[PDB]
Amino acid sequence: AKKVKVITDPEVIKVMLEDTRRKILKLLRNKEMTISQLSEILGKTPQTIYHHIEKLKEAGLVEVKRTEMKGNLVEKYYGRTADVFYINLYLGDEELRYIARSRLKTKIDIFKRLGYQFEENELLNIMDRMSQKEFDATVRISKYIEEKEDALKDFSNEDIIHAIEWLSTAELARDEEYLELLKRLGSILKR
């Protein structure tokens, strides 16, 4: 809706994950901005930002909120189409699966690079299985939220987000498999 949105379209998700588009989206939570504004904040040139915004626009993640004539240039003000986005990273898309596998592996680089000794295979498998469940659960409780927005009219987004965490964590605390995955992780990620 407006406070919360769960994206399951793989294509759009793939668009959202772009490092910079994520940043644009993050910043847009403050207020609707122009390409010029984003650009001065993000450290990216207007041309580059103009394109990112186009992808975001088509992914339906942002829309023109109004168009202002700022001097000799008419700029469009962009806003997010929902205060918060939740993505289904494990909704059967192969490429999304590898993207997730990649992100998780990066982390695994960090581990070993921090003096963490382990068998990267059992480990990645656990990261993934745990993360798959964390995403499905967060997708689960936020779905319910999308339909209970009127009821939240009196709360900020930072708190809604944190609320979804708990609920999500409670959802997880009820999966025997999850607790097993959790423990293995305990055993695995030495130090």
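Note that residue numbering follows the sequence shown and begins at 1.
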{"property": "Between 152-160 and 55-63 (mean CA B-factor, as deposited), the higher", "result": "152-160"}
{"property": "Comparing 22-30 with 140-148, the one whose average Cα B-factor in the PDB entry is higher", "result": "140-148"}
{"property": "CA B-factor placement of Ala100, once the chain's modelled residues are sorted into thirds", "result": "lowest"}
{"property": "Ranked against its chain, the third holding the CA B-factor of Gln37", "result": "lowest"}
{"property": "Chain third (lowest, middle, highest) by recorded CA B-factor, residue given as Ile126", "result": "middle"}
{"property": "Third of the chain, ranked by Cα B-factor, where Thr45 sits", "result": "middle"}
